[PDB]
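Okay, structure first, notes after.
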Amino acid sequence: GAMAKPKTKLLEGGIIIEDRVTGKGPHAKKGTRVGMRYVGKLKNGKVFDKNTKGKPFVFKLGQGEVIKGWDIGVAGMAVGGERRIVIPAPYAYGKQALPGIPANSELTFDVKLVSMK
């Protein structure tokens, strides 16, 4: 019985986090090596990135090759928990119009933490 508030919550900027699975474990801070699995969708439901089937992605917070929505939204993540993260444009690519992902793009990330070292 722990109240982590399984609803939508607001982080820096306008980042929304929806805690899908009740996860209580090691918290992810900067310098921490977290291993996760995720599905990267656009606001329209267009999936551009994905790793689920036996594919662990391991990265540490504090690095500069992940968008700030990640380094911030992942901060305080727990192994065993899943959360759908809504990342507004300012904390991702912002004003860069990529093929398929134009400026003012709202990314939706289905992410769950499954490891930490």
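For the range 44-70, what are the residues that are of a type in the set (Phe, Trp, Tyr) and either in a loop (DSSP other than H, G, I, E, B) or exposed (fewer than 10 other Cβ atoms within 10 Å of the Cβ) (or both)?
none
Working carefully through the options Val74, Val79, find the one that is closer than 13 Å to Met116 by Cβ, over 11 Å from the mean Cα position of the chain (by Cα), crowded, with 17+ Cβ neighbours inside 10 Å and β-branched (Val, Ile, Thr).
Result of the check over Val74, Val79: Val79.
Within the group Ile101, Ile67, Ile85, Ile72, which residue is among the aliphatic types (A, V, I, L, M) and touching a strand residue (DSSP E or B) at 6+ places or on another chain (Cβ under 6 Å)?
After applying the criteria, what remains is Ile85.
What tally of residues in the range 1-51 results from selecting those that are closer than 15 Å to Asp71 by Cα and acidic (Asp, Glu)?
Qualifying residue count for the region: 1.
Cβ contacts < 8 Å: first residue touching a residue at least 12 places away in the same chain (Cβ under 8 Å) and farther than 19 Å from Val79 by Cα, restricted to the range 1-24; second residue in a loop (DSSP other than H, G, I, E, B) and of a type outside the set (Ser, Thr, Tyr), any location; separation 6+ or different chain. Result?
The qualifying pairs are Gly13/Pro88; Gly14/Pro88; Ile15/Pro88.
Of everything in the range 102-113, what is touching a residue at least 24 places away in the same chain (Cβ under 8 Å) and surrounded by fewer than 18 Cβ atoms within 10 Å (Cβ to Cβ)? Give them in sequence order.
Result: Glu106, single match.
Given the options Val74, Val58, name the one that is touching a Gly at 6+ places or on another chain (Cβ under 9 Å), β-branched (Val, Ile, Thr) and farther than 23 Å from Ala103 by Cβ.
On inspection, the qualifying residue turns out to be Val58.
Filter the range 56-71 down to the residues that are free of Cβ contacts under 8 Å to residues at least 24 places away in the same chain and within 13 Å of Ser115 (Cβ to Cβ) and list them by number.
Of everything in the range 56-71, just one residue is free of Cβ contacts under 8 Å to residues at least 24 places away in the same chain and within 13 Å of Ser115 (Cβ to Cβ), namely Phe57.
Throughout, read-outs are computed from the coordinates displayed, never taken from laboratory work. When we count neighbours, we look across all protein chains shown, and the Cβ atoms used for this are built from the backbone with ideal geometry, even at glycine.
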